[PDB]
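Single chain ahead, written as structure tokens, the form deposited in one PDB entry.
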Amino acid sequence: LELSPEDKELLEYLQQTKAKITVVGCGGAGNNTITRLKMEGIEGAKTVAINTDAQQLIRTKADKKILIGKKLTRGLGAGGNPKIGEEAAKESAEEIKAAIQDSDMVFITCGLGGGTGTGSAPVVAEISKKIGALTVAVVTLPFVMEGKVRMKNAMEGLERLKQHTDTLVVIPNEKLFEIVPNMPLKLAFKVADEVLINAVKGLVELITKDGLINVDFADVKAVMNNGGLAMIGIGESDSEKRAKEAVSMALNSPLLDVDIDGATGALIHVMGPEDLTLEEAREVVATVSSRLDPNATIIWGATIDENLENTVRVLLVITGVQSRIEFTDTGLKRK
């Protein structure tokens, strides 16, 4: 490429706004998330799948696969015991470290409540912190119908994650039943899949994807470095006032299971068809800004999704909500 000294300096500036990003999916649900991200083609991110279960791991699609606890469970799994998942991850700590080495940002994703995910996720998070990466977890809490043991295990895992994350994005699966009431559990998991994909892919591609408005990693780091506890809101609309309806739906999302007045920061990803305008994106941001505390630090981007024909989708990630939430054995309680 023919490049002038001025063009080179411009390219150098744009390069330092980028980040090396790795997404790590732990356990059954985490592996399923990774497969979907790999097939759909998540932009600018390395995908790593880890599991104690060799049957689940081998059918997963990923850039890198790690069978954890080879000398512990021999590829059998963890049988829903978080202690087994934790010990397996600790055994394979060096292999996990090698796979995420030199990442500027690491996403850790799983369904909390099981053995492998609940156990290994905090270990991956600890390893990520120790390599100096911006460490973000995007995790689900189980449905109520899964039982008390699953939720108790999940909440203990959430407490361990909190010790080793910069931002902890929590998605309560139970609130999906407000979006799709009385859905069969097996199909409700498929909805949970889509939400996890939207959350992880949406956060990653806010930084990595070509957009109308691209985001500097420095600005993401400024919000997410001490993001604490975070929750998401998703909205979509294809009407005449698509942007207004999408942001309204996002702000009123059941997944935002918190008083949003306690928020100290926010990430906004506006997604639309080829006809998406800056004016539409600005309308979304202005609506969020007016609703939140005036002192909240808001970072936003806008990208074109080719799969969308007439629909604008808004992903909202609200940070610093730990002051309005209490961690209990039965789940998240509003304070």
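Residues that one form lacks are left out of the comparison. Quick note: we count residues from 1 along the sequence shown, nothing fancier. Throughout, rigid core stands for the largest set of C-alpha atoms superposing within 1.5 Å between the two forms.
Keep in mind the form deposited in another entry is missing from the figure; the text below concerns it.
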Superpose on the rigid core, then tell me if the C-alpha of residue 191 is displaced by 2 angstroms or more between this form and the one not shown. no
Superposed on the rigid core, does the Cα of residue 327 end up 2 angstroms or more away between this form and the one not shown? no
So the CA-CA distance for residue 131 and residue 17 moves by at least 3 angstroms in the other form. Closer or farther than here? closer
If the C-alpha spacing of residue 131 and residue 13 moves by 3 Å or more in the other form, is that a move closer or farther apart? closer
Enumerate, in order of sequence, every stretch of at least three consecutive residues present in both forms where each C-alpha is displaced by 2 angstroms or more between this form and the one not shown, superposition done on the rigid core. 3 to 18, 182 to 186
